[PDB]
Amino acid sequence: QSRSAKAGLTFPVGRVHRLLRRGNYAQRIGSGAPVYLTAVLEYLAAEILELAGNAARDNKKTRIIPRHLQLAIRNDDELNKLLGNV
């Protein structure tokens, strides 16, 4: 059982842990830190996918193309603030 599965996550806890360790952000990385961060990244990805997917489906499409992403982000105040513009 992977750490991701242990935490109920789809995003990769192990990979995120190694990215944290390898980036030398601190002397040590606590075992909870990559689990928390992974969950946050998965959440943000899920939010963006939801809204881009909405934009695609609103456009009678079944495949997200970059204009769907651009519009999803632009039309969401908080994601627009977070991610600038695409």
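Heads up: residue numbers just count along the shown sequence, starting at 1.
For the two regions 59-67 and 21-29, the entry's Cα B-factors average higher over 59-67. In this entry, the higher average B-factor at the C-alpha atoms falls on 48-56, of the pair 35-43 and 48-56. Ranked by Cα temperature factor within the chain, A72 sits in the highest third according to the deposited record. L79 sits in the middle third of its chain by CA B factor, as recorded in the PDB entry.
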